[PDB]
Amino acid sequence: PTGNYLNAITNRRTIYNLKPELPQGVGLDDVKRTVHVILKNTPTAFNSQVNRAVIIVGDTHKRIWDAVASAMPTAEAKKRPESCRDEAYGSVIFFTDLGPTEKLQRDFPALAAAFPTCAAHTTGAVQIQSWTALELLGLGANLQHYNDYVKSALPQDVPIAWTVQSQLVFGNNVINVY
């Protein structure tokens, strides 16, 4: 075990078996740092620093997935949001500040095409890491992409420029050589 950083990656996958667990031996503000230290340590191309995040829990967590599971009207296509608001302790949701990405498109009008793409790179860079780290604490977590649904459902104290990217619900190659 050295840069056994791989073993933490290999032991990680989508977990739907979820109970609103603390979990054992680890509080909430513990989790708060874990994602915080990733947003702070994740390289955004050209120091744009566009990706942010919001963690939601309790009746504020249940409040959103209950809103999605009403915009979903077919029962068998709502056993995902309602199993997210009745089985999960909370959910980490990630954003990308479209603000800077609009500024870089301004000052560098010639490269105003890689900027939206360089932001999509870094936001998925904090997603996989927070996810792979939450599962190290003991939690179980899964992906969700109800972006537009939670975006409208999102409260008012949110910057409207924060584009919704993901919802982390917690609870070979060729080588040359010719």
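Start at 1 with the first residue shown and count on from there.
Asker: Counting only residues from the deposited sequence, how many are left out of the model between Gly171 and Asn172 (none, 1 to 3, 4 to 9, 10 or more)?
Answerer: The entry leaves 10 or more residues without coordinates here.
Asker: Please compare 123-131 with 23-31 and name the stretch with the higher mean C-alpha B-factor in the deposited structure.
Answerer: Comparing averages over the C-alpha atoms only gives 23-31.
Asker: So which stretch wins on mean C-alpha B-factor, 142-150 or 66-74?
Answerer: So the stretch with the higher mean C-alpha B-factor is 66-74.
Asker: Would the CA B-factor of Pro116 place it in the lowest, middle or highest third of its chain?
Answerer: According to the entry, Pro116 has a C-alpha B-factor in the chain's lowest third.
Asker: Please say which third, lowest, middle or highest, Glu102 falls into when its CA temperature factor is compared across its chain.
Answerer: For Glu102, the deposited C-alpha B-factor lands in the middle third.
Asker: Of the three thirds of its chain by CA temperature factor, lowest, middle or highest, which one includes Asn47?
Answerer: Middle third - that is where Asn47 ends up once the chain's C-alpha B-factors are sorted.
Asker: Should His36 be placed in the lowest, middle or highest third of its chain by the C-alpha B factor in the entry?
Answerer: Top third by C-alpha B-factor.
Asker: If you rank the chain by CA B-factor, which third does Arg85 end up in: lowest, middle or highest?
Answerer: For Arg85, the deposited C-alpha B-factor lands in the middle third.
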